[PDB]
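Below: one structure, written as C-alpha coordinates.
Below, all heavy atoms of this structure are taken into account, side chains as well, without hydrogens, waters or symmetry copies. Quick note: residue numbers are just sequence positions, from 1. Numbering of ligands and ligand atoms starts at 1, following listing order.
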Amino acid sequence: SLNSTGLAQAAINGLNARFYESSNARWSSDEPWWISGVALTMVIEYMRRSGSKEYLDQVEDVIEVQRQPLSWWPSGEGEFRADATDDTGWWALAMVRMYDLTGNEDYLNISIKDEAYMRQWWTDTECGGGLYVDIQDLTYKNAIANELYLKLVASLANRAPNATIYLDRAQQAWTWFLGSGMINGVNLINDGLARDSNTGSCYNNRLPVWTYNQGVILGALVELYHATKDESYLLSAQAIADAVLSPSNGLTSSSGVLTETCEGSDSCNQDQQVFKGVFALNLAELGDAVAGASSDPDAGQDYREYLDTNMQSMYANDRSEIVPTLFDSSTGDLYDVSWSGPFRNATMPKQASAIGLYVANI
Ligand SMILES: OC[C@H]1O[C@@H](O)[C@H](O)[C@@H](O)[C@@H]1O
Ligand SMILES: OC[C@H]1O[C@@H](O)[C@H](O)[C@@H](O)[C@@H]1O
Ligand SMILES: OC[C@H]1O[C@@H](O)[C@H](O)[C@@H](O)[C@@H]1O
(Lines give C-alpha, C1' and ligand atoms only; values in the text may rest on other atoms or scores of the structure.)
(Ligands and ions follow the chains in the order given, each with its own letter.)
Protein backbone atom coordinates (compact mmCIF):
# COMPACT_ATOMS: atom_id res chain seq x y z
CA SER A 1 0.00 0.00 0.00
CA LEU A 2 0.91 3.70 -0.06
CA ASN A 3 2.75 5.50 2.75
CA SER A 4 1.26 8.99 3.07
CA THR A 5 4.09 10.31 5.26
CA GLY A 6 6.79 9.61 2.67
CA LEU A 7 4.75 11.06 -0.18
CA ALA A 8 4.01 14.25 1.75
CA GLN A 9 7.76 14.62 2.25
CA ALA A 10 8.41 14.11 -1.47
CA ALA A 11 5.71 16.69 -2.21
CA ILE A 12 7.13 19.21 0.26
CA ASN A 13 10.59 18.62 -1.23
CA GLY A 14 9.16 19.22 -4.70
CA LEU A 15 7.47 22.37 -3.41
CA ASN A 16 10.80 23.60 -2.02
CA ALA A 17 12.91 22.55 -5.02
CA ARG A 18 10.73 24.36 -7.58
CA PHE A 19 9.08 27.24 -5.71
CA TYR A 20 10.89 28.15 -2.46
CA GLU A 21 12.95 31.35 -2.56
CA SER A 22 15.71 31.36 0.06
CA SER A 23 16.51 35.05 -0.42
CA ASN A 24 12.87 35.94 0.34
CA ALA A 25 11.80 33.32 2.94
CA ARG A 26 8.69 32.73 0.84
CA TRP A 27 7.37 30.39 -1.84
CA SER A 28 6.74 31.81 -5.32
CA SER A 29 6.58 35.60 -5.02
CA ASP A 30 4.82 35.60 -8.42
CA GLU A 31 1.83 33.94 -6.68
CA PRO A 32 -0.62 35.19 -4.03
CA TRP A 33 0.93 35.87 -0.63
CA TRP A 34 -1.88 34.15 1.28
CA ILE A 35 -1.08 30.87 -0.50
CA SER A 36 2.38 30.98 1.07
CA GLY A 37 0.46 30.94 4.35
CA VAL A 38 -1.50 27.88 3.22
CA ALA A 39 1.79 26.23 2.24
CA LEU A 40 3.17 26.97 5.72
CA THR A 41 0.07 25.37 7.24
CA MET A 42 0.62 22.23 5.14
CA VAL A 43 4.27 21.93 6.18
CA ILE A 44 3.50 22.58 9.85
CA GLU A 45 0.64 20.06 9.88
CA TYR A 46 2.92 17.50 8.22
CA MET A 47 5.28 17.81 11.19
CA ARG A 48 2.61 17.52 13.87
CA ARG A 49 1.17 14.39 12.25
CA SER A 50 4.44 12.71 11.23
CA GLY A 51 6.43 13.73 14.32
CA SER A 52 9.28 14.99 12.14
CA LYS A 53 10.88 18.42 12.61
CA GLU A 54 12.76 18.39 9.31
CA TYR A 55 11.52 21.76 7.96
CA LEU A 56 11.21 23.56 11.32
CA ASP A 57 14.17 25.87 10.63
CA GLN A 58 12.66 26.77 7.25
CA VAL A 59 9.24 27.42 8.78
CA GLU A 60 10.67 29.75 11.43
CA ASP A 61 12.60 31.55 8.69
CA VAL A 62 9.40 32.13 6.70
CA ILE A 63 7.50 33.25 9.80
CA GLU A 64 10.14 35.76 10.91
CA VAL A 65 10.31 37.45 7.50
CA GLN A 66 6.57 37.45 6.79
CA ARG A 67 5.82 38.94 10.23
CA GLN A 68 7.33 42.20 9.03
CA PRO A 69 5.09 45.12 7.95
CA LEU A 70 3.84 44.27 4.47
CA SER A 71 5.07 46.63 1.77
CA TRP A 72 1.57 46.74 0.24
CA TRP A 73 -0.17 47.33 3.61
CA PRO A 74 2.11 49.15 6.07
CA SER A 75 -0.83 50.32 8.20
CA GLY A 76 -1.30 46.72 9.35
CA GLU A 77 1.96 47.00 11.33
CA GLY A 78 2.99 43.47 10.43
CA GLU A 79 2.16 40.29 12.34
CA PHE A 80 0.32 39.15 9.18
CA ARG A 81 -2.23 42.00 9.38
CA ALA A 82 -2.88 42.58 5.68
CA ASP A 83 -5.23 44.55 3.42
CA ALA A 84 -7.74 41.67 3.40
CA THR A 85 -9.27 39.90 6.39
CA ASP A 86 -8.94 36.46 4.79
CA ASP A 87 -5.27 37.02 3.91
CA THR A 88 -4.75 37.69 7.62
CA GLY A 89 -6.87 34.68 8.58
CA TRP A 90 -4.80 32.15 6.63
CA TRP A 91 -1.63 33.14 8.48
CA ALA A 92 -3.48 33.45 11.80
CA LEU A 93 -4.62 29.82 11.60
CA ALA A 94 -1.11 28.77 10.56
CA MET A 95 0.14 30.39 13.77
CA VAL A 96 -2.42 28.38 15.75
CA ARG A 97 -0.98 25.20 14.23
CA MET A 98 2.55 26.52 14.79
CA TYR A 99 1.58 26.97 18.44
CA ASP A 100 0.13 23.44 18.49
CA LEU A 101 3.39 22.04 17.11
CA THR A 102 5.91 23.93 19.26
CA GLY A 103 4.05 25.24 22.31
CA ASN A 104 5.78 28.60 21.81
CA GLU A 105 3.39 31.24 23.16
CA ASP A 106 4.86 33.71 20.64
CA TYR A 107 2.82 32.13 17.84
CA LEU A 108 -0.39 32.17 19.88
CA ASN A 109 0.24 35.88 20.52
CA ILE A 110 0.22 36.49 16.76
CA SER A 111 -3.12 34.68 16.48
CA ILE A 112 -4.54 36.93 19.20
CA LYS A 113 -3.34 40.10 17.45
CA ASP A 114 -4.84 38.77 14.21
CA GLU A 115 -8.25 38.11 15.78
CA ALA A 116 -8.44 41.65 17.17
CA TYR A 117 -7.37 43.10 13.81
CA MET A 118 -9.95 41.05 11.90
CA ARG A 119 -12.72 42.00 14.34
CA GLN A 120 -12.29 45.68 13.40
CA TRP A 121 -14.34 44.95 10.27
CA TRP A 122 -17.07 42.86 11.87
CA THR A 123 -20.27 44.84 11.46
CA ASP A 124 -23.76 44.37 12.91
CA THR A 125 -25.29 47.16 10.81
CA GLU A 126 -25.05 45.34 7.45
CA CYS A 127 -26.29 41.73 7.23
CA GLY A 128 -26.75 41.70 11.02
CA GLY A 129 -23.19 40.45 11.49
CA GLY A 130 -20.15 39.10 9.72
CA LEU A 131 -17.01 40.86 8.57
CA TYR A 132 -15.87 42.25 5.23
CA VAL A 133 -13.09 40.74 3.13
CA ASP A 134 -12.03 43.95 1.32
CA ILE A 135 -10.66 46.17 4.09
CA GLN A 136 -10.12 49.02 1.63
CA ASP A 137 -13.62 48.92 0.10
CA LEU A 138 -15.98 47.18 2.57
CA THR A 139 -18.30 45.95 -0.18
CA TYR A 140 -18.26 42.15 0.25
CA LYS A 141 -18.97 39.85 3.19
CA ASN A 142 -18.00 36.46 1.75
CA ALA A 143 -17.89 32.93 3.12
CA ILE A 144 -14.14 32.37 3.33
CA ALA A 145 -13.25 35.42 5.43
CA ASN A 146 -16.04 34.59 7.88
CA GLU A 147 -15.15 30.89 7.93
CA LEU A 148 -11.50 31.69 8.68
CA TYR A 149 -12.50 34.15 11.41
CA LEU A 150 -14.92 31.61 12.90
CA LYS A 151 -12.19 28.96 13.04
CA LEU A 152 -9.82 31.50 14.59
CA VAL A 153 -12.02 32.49 17.54
CA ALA A 154 -13.02 28.84 18.00
CA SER A 155 -9.33 27.89 18.13
CA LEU A 156 -8.55 30.70 20.58
CA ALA A 157 -11.49 29.54 22.71
CA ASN A 158 -9.47 26.34 23.26
CA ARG A 159 -6.00 27.86 23.71
CA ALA A 160 -6.10 31.51 24.81
CA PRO A 161 -6.10 32.69 28.46
CA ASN A 162 -9.20 34.89 28.10
CA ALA A 163 -10.91 31.88 26.55
CA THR A 164 -14.49 32.86 27.45
CA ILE A 165 -14.77 35.98 25.27
CA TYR A 166 -13.45 33.98 22.30
CA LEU A 167 -16.03 31.27 22.98
CA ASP A 168 -18.85 33.82 23.08
CA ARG A 169 -17.60 35.32 19.81
CA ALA A 170 -17.34 31.89 18.16
CA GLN A 171 -20.84 30.91 19.29
CA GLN A 172 -22.18 34.26 18.09
CA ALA A 173 -20.30 34.00 14.78
CA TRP A 174 -21.62 30.51 14.02
CA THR A 175 -25.17 31.66 14.81
CA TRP A 176 -24.79 34.48 12.28
CA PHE A 177 -23.21 32.21 9.67
CA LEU A 178 -25.95 29.59 10.01
CA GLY A 179 -28.66 32.24 9.67
CA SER A 180 -26.92 34.18 6.89
CA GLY A 181 -28.23 31.94 4.10
CA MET A 182 -24.83 31.04 2.65
CA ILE A 183 -25.53 27.40 3.55
CA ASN A 184 -27.99 26.41 0.83
CA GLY A 185 -30.67 23.74 0.39
CA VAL A 186 -28.21 20.87 -0.14
CA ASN A 187 -26.02 21.87 2.85
CA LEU A 188 -23.33 23.48 0.68
CA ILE A 189 -21.91 26.98 1.02
CA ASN A 190 -21.99 29.53 -1.79
CA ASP A 191 -19.33 32.20 -2.09
CA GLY A 192 -20.90 35.05 -0.14
CA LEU A 193 -23.71 37.50 0.45
CA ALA A 194 -25.32 40.15 -1.74
CA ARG A 195 -27.12 43.20 -0.37
CA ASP A 196 -30.56 44.38 -1.44
CA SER A 197 -30.65 47.82 -3.03
CA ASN A 198 -33.75 49.30 -1.39
CA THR A 199 -34.30 47.15 1.70
CA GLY A 200 -30.72 46.44 2.75
CA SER A 201 -31.38 42.75 3.40
CA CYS A 202 -28.64 40.25 2.64
CA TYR A 203 -29.00 36.95 0.80
CA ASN A 204 -27.02 34.08 -0.70
CA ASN A 205 -25.45 35.54 -3.84
CA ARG A 206 -25.55 32.10 -5.56
CA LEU A 207 -21.90 32.38 -6.62
CA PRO A 208 -19.97 29.10 -7.17
CA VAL A 209 -19.54 26.41 -4.52
CA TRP A 210 -15.79 26.28 -3.89
CA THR A 211 -14.29 23.30 -2.08
CA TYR A 212 -12.34 25.37 0.44
CA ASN A 213 -15.61 26.99 1.57
CA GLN A 214 -16.84 23.51 2.56
CA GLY A 215 -13.63 22.76 4.47
CA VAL A 216 -12.59 25.63 6.74
CA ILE A 217 -16.10 25.56 8.23
CA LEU A 218 -15.52 21.92 9.23
CA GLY A 219 -12.45 22.81 11.29
CA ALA A 220 -14.35 25.66 12.93
CA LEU A 221 -17.16 23.32 13.97
CA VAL A 222 -14.63 20.76 15.24
CA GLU A 223 -13.00 23.45 17.39
CA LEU A 224 -16.43 24.53 18.64
CA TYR A 225 -17.13 20.90 19.57
CA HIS A 226 -13.85 20.67 21.51
CA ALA A 227 -14.70 23.91 23.33
CA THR A 228 -18.21 22.77 24.30
CA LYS A 229 -18.43 18.94 23.97
CA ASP A 230 -21.74 19.64 22.19
CA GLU A 231 -21.85 16.93 19.53
CA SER A 232 -24.41 18.92 17.52
CA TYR A 233 -21.46 20.91 16.15
CA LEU A 234 -20.01 17.70 14.72
CA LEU A 235 -23.42 16.81 13.28
CA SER A 236 -23.64 20.10 11.38
CA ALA A 237 -20.09 19.59 10.09
CA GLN A 238 -20.94 16.03 9.02
CA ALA A 239 -23.93 17.24 6.99
CA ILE A 240 -21.66 19.61 5.05
CA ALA A 241 -19.02 16.93 4.46
CA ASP A 242 -21.65 14.39 3.38
CA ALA A 243 -22.92 16.85 0.77
CA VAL A 244 -19.40 17.24 -0.65
CA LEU A 245 -18.92 13.46 -0.74
CA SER A 246 -22.26 12.85 -2.49
CA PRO A 247 -21.65 12.47 -6.26
CA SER A 248 -25.08 14.01 -6.90
CA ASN A 249 -23.77 17.45 -5.86
CA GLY A 250 -21.07 17.65 -8.54
CA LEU A 251 -18.08 18.00 -6.20
CA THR A 252 -17.30 14.26 -6.04
CA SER A 253 -16.85 12.63 -9.45
CA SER A 254 -18.15 9.22 -10.48
CA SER A 255 -14.65 7.93 -9.65
CA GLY A 256 -15.10 9.30 -6.13
CA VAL A 257 -12.53 12.06 -6.68
CA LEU A 258 -12.88 15.61 -5.39
CA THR A 259 -13.27 17.94 -8.38
CA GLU A 260 -13.27 21.73 -8.49
CA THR A 261 -15.97 23.18 -10.74
CA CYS A 262 -13.34 25.09 -12.74
CA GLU A 263 -11.50 21.88 -13.69
CA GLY A 264 -14.07 21.04 -16.37
CA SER A 265 -13.44 24.21 -18.38
CA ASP A 266 -9.71 24.01 -17.46
CA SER A 267 -9.99 27.54 -16.04
CA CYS A 268 -8.84 27.19 -12.41
CA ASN A 269 -6.94 30.37 -11.55
CA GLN A 270 -4.07 30.78 -9.07
CA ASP A 271 -6.50 30.97 -6.14
CA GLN A 272 -8.73 28.02 -7.08
CA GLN A 273 -5.70 25.75 -7.67
CA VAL A 274 -5.21 25.40 -3.88
CA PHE A 275 -8.82 24.97 -2.75
CA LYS A 276 -9.00 21.16 -2.70
CA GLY A 277 -6.05 20.61 -0.36
CA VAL A 278 -7.60 22.97 2.19
CA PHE A 279 -10.80 20.90 2.24
CA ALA A 280 -8.90 17.61 2.48
CA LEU A 281 -6.96 18.61 5.59
CA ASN A 282 -10.07 20.02 7.27
CA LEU A 283 -12.02 16.86 6.46
CA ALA A 284 -9.24 14.89 8.15
CA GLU A 285 -9.81 17.12 11.19
CA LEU A 286 -13.52 16.25 11.10
CA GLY A 287 -12.79 12.54 10.72
CA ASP A 288 -10.40 12.49 13.68
CA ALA A 289 -12.95 14.28 15.87
CA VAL A 290 -15.83 12.02 14.80
CA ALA A 291 -13.87 8.86 15.64
CA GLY A 292 -13.08 10.31 19.07
CA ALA A 293 -16.65 11.32 19.91
CA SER A 294 -18.02 7.76 19.76
CA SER A 295 -16.98 4.17 20.47
CA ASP A 296 -18.02 2.63 17.14
CA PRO A 297 -14.90 1.29 15.36
CA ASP A 298 -16.14 2.54 11.97
CA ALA A 299 -16.72 6.07 13.30
CA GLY A 300 -15.48 8.40 10.58
CA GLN A 301 -14.68 5.52 8.23
CA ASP A 302 -16.31 7.19 5.22
CA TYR A 303 -14.24 10.36 5.55
CA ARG A 304 -11.03 8.34 5.88
CA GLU A 305 -11.78 6.08 2.91
CA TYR A 306 -12.69 9.15 0.85
CA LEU A 307 -9.30 10.71 1.65
CA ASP A 308 -7.64 7.39 0.79
CA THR A 309 -9.51 7.12 -2.52
CA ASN A 310 -8.48 10.65 -3.53
CA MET A 311 -4.87 10.00 -2.51
CA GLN A 312 -4.50 6.93 -4.72
CA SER A 313 -6.12 8.54 -7.76
CA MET A 314 -3.88 11.60 -7.58
CA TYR A 315 -0.85 9.46 -6.72
CA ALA A 316 -1.46 7.51 -9.93
CA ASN A 317 -2.71 10.12 -12.43
CA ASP A 318 -1.49 13.55 -11.26
CA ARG A 319 2.14 12.92 -10.28
CA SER A 320 5.47 13.79 -11.90
CA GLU A 321 8.93 13.38 -10.37
CA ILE A 322 11.56 16.07 -10.79
CA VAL A 323 14.56 14.80 -12.76
CA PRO A 324 17.89 15.28 -10.94
CA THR A 325 20.98 16.61 -12.70
CA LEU A 326 24.72 16.30 -12.15
CA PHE A 327 24.45 19.59 -10.21
CA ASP A 328 21.07 19.54 -8.41
CA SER A 329 20.51 16.50 -6.19
CA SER A 330 16.96 17.52 -5.22
CA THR A 331 14.29 14.82 -5.48
CA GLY A 332 10.55 14.95 -4.92
CA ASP A 333 7.12 14.98 -6.53
CA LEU A 334 5.15 17.59 -8.49
CA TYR A 335 1.41 17.75 -9.06
CA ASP A 336 -1.16 19.45 -11.29
CA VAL A 337 -4.61 20.76 -10.38
CA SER A 338 -6.81 17.75 -11.20
CA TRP A 339 -6.57 14.84 -8.76
CA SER A 340 -8.30 12.62 -11.35
CA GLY A 341 -6.66 14.06 -14.45
CA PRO A 342 -3.45 14.47 -16.42
CA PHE A 343 -0.28 16.20 -15.27
CA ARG A 344 0.52 19.11 -17.59
CA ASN A 345 2.50 21.42 -15.29
CA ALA A 346 2.98 22.26 -11.61
CA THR A 347 2.44 25.59 -9.88
CA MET A 348 2.93 26.46 -6.23
CA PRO A 349 -0.83 26.60 -5.43
CA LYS A 350 -1.30 23.22 -7.13
CA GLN A 351 1.65 21.82 -5.16
CA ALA A 352 0.34 23.19 -1.85
CA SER A 353 -3.04 21.52 -2.40
CA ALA A 354 -1.10 18.34 -3.21
CA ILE A 355 0.67 18.30 0.16
CA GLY A 356 -2.60 18.89 2.00
CA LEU A 357 -4.14 15.68 0.67
CA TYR A 358 -1.10 13.60 1.66
CA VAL A 359 -0.96 15.17 5.13
CA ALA A 360 -4.70 14.50 5.46
CA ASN A 361 -3.91 10.77 5.21
CA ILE A 362 -1.02 10.74 7.70
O1 LIG B 1 -3.27 42.98 -2.56
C2 LIG B 1 -3.05 41.58 -2.57
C3 LIG B 1 -1.58 41.26 -2.41
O4 LIG B 1 -1.40 39.91 -2.85
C5 LIG B 1 -0.07 39.42 -2.65
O6 LIG B 1 0.03 38.10 -3.07
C7 LIG B 1 0.92 40.27 -3.45
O8 LIG B 1 2.25 39.82 -3.18
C9 LIG B 1 0.78 41.74 -3.08
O10 LIG B 1 1.61 42.53 -3.92
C11 LIG B 1 -0.67 42.19 -3.20
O12 LIG B 1 -0.81 43.52 -2.71
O1 LIG C 1 -11.60 32.38 -6.59
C2 LIG C 1 -12.74 32.47 -5.75
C3 LIG C 1 -12.56 33.50 -4.67
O4 LIG C 1 -12.29 34.75 -5.33
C5 LIG C 1 -12.02 35.83 -4.43
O6 LIG C 1 -11.73 36.99 -5.14
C7 LIG C 1 -13.23 36.07 -3.54
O8 LIG C 1 -12.94 37.11 -2.61
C9 LIG C 1 -13.61 34.80 -2.79
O10 LIG C 1 -14.80 35.00 -2.05
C11 LIG C 1 -13.79 33.64 -3.77
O12 LIG C 1 -13.99 32.43 -3.06
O1 LIG D 1 -16.98 39.50 -6.66
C2 LIG D 1 -18.06 38.96 -5.89
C3 LIG D 1 -19.10 40.01 -5.60
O4 LIG D 1 -20.12 39.37 -4.81
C5 LIG D 1 -21.24 40.21 -4.53
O6 LIG D 1 -22.19 39.51 -3.79
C7 LIG D 1 -20.79 41.44 -3.74
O8 LIG D 1 -21.89 42.31 -3.52
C9 LIG D 1 -19.67 42.17 -4.47
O10 LIG D 1 -19.17 43.23 -3.67
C11 LIG D 1 -18.55 41.22 -4.84
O12 LIG D 1 -17.59 41.88 -5.66
Measure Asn205 to ligand 3 on non-hydrogen atoms and call it side chain, backbone, both or neither using the 4.0 Å cut-off. side chain
Could you identify the single nearest non-hydrogen protein atom to atom 2 (C) of ligand 2 and state the distance to 0.1 Å? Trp210 NE1, 3.8 Å
In ligand 3, the atoms that come under 4.0 Å of a heavy atom of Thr139 are 8 (O), 10 (O)
Checking the N or O distance criterion of under 3.5 Å, is ligand 1 in contact with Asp83? yes
Counting non-hydrogen protein atoms only, what is the nearest one to atom 9 (C) of ligand 1? Give residue, atom name and distance. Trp72 CD2, 3.7 Å
Does ligand 2 have an atom that lies less than 4.0 angstrom from a heavy atom of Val133? no
At what distance is the nearest protein heavy atom to atom 1 (O) of ligand 3, and which residue and atom is it? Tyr140 CE2, 4.5 Å
Please lay out, stage by stage, how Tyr20 and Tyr55 fare under the test ring-ring contact (aromatic ring centres under 6.0 Å, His included). CA-CA 12 Å; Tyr20 186 68; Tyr55 313 101; 9.9 Å; no
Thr85 and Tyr132, any side-chain heavy atoms less than 4.5 Å apart: no
Of all the atoms in ligand 1, which lie at a distance below 4.0 Å from a heavy atom belonging to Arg26? 6 (O), 8 (O)
If we set the cut-off at 4.0 Å for heavy atoms, which region of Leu193 has an atom near ligand 3: side chain, backbone, both, or neither? backbone
Aromatic ring proximity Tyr99/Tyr107, centre distance under 6.0 Å: no
Donor + acceptor pair across side chains of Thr139, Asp134 (<3.5 Å): yes
I need the atoms of ligand 1 closer than 4.0 Å to a non-hydrogen atom of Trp33, numbered in the order shown. 5 (C), 6 (O)
Could you walk me through whether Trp339 and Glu263 pass the side-chain hydrogen bond (donor to acceptor under 3.5 Å, both in side chains) check? CA-CA 10 Å; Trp339 291 358; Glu263 290 182 38; over 6 Å; no
List ligand 1 atoms under 4.0 Å from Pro32, heavy atoms only on the residue side. 6 (O)
Of the listed options (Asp191, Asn213, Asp271), which comes nearest to atom 7 (C) of ligand 2 when hydrogens are ignored and any heavy atom counts? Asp191
Which class fits the ring pair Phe177 and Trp174: parallel under 30°, tilted 30 to 60°, perpendicular over 60°? parallel
Just by distance, no angles: are the side chains of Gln136 and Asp83 close enough, under 3.5 Å, to form a donor-acceptor pair? no
Please report the interatomic distance CZ(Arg169) to CG(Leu150), rounded to the nearest 0.5 Å. 13.0 Å
Donor-acceptor pair between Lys276 and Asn310 side chains, under 3.5 angstrom: no
Test of proximity, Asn142 against ligand 2: N or O pairs below 3.5 Å: yes
Kindly indicate whether atom 5 (C) of ligand 2 is approached by any protein heavy atom to under 4.0 angstrom. no
Going by heavy atoms, is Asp137 under 4.0 Å from ligand 3? no
Minimum heavy-atom separation for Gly192 to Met182, with atom names? CA-SD, 3.7 Å
Evaluate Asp86 for polar contact with ligand 2, using N/O atom pairs at a separation under 3.5 Å. no
Starting from atom 3 (C) of ligand 2, locate the nearest protein heavy atom and write down its residue, its atom name and how far away it is, to 0.1 Å. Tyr212 OH, 3.8 Å
